[PDB]
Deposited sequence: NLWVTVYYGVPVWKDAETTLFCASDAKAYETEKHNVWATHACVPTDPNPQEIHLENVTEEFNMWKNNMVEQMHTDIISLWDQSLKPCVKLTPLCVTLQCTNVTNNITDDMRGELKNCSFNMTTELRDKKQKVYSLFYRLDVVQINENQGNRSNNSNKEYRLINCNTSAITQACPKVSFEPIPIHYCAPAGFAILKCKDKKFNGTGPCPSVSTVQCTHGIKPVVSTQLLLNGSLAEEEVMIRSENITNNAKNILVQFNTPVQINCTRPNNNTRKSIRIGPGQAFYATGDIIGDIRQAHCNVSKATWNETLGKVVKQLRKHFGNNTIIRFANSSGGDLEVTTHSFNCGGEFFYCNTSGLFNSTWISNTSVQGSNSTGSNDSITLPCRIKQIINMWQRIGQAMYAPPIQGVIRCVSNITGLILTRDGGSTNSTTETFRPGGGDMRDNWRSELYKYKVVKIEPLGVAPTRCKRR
């Protein structure tokens, strides 16, 4: 004789999708102040004896992070100056003083009539626009690149672009299962599961070809792909050691405030004090070659020991996908990175990457909402780690070529949410037992 016995609080969970709130330990774009204060001591419980199936390519956490990151970006651009008056004909001349050979024609000295705070009065002002932000109309006549596509909103200079780590915390009745396996590809069973209330600090770093400021693999370089035999699936590489990248903007730019209306100021670019040099990034030649030597070593596992793995540069497309686009100190660099993926592999010095600057930014691959990044005063210099790559393979029927990829920003945060999954706790369980209700 067996009687149905109901138990409450049993450790049973099911895969589910839920709204994960933020926790965080000057105002940011990500509004980390609106995030609830996380606990000083995170409570992680190791789930011994447990083997749970994971899949980062079908992970809803990545998709939910993408929507939140875009929403946070959009909400910080609402109380900001709308530069619709800037869509006017510009008389741009060529910035040709104290410039080097690599910066010839990259800067434009644009003069235009501007609206004054008084509606009936005009204002002839000038500004320095990069060649990537102005397009000629057929000194010559130019216009902002977005004027025929988007309405440009100036980013508020008091809002920081710096990625502050954010922890995605599941509500009560939900748990986040951290896979603690160190040789784990994004798909398959992970027999080292643990339950943490919520994830580590995941910096929303926006980059295309190199994963900056990320989380390193514990033991060895990890090659993770949705389908390694499919050339249309991006390959996410994770480095066991960080590759430092020095990124600087040598020009000593000055922000000039142009009052374009009542309470509205358009921060233009004044003349550069000193010489004008090309923005660039150095990656150590010795460190990069060693890391590529490790990448190919774990890349031969999925392609054979006798295959020829060659690294070539980008294949073409937008400047966002063909260049290592990233944000450094409030200015958006677009670095070539053709000297990085250039060698071929068979069985003190630095690499300088010539970067280009843009101020009109169409981000998240959205057509209609452009942003003007105001100039940053002084010289910008940031030091980051390249903690991963986004490689794309080319089809073939003895050599395999891997070109850098990007574009989709979900690939950038998938490299951080690969070890996490959201489960729905089911505390009601029934089991036959000799006990009977009196």
| item | value |
| --- | --- |
| Missing segments of the deposited chain sequence, listed N- to C-terminal | 26-32, 146-155, 365-376, 427-429 |
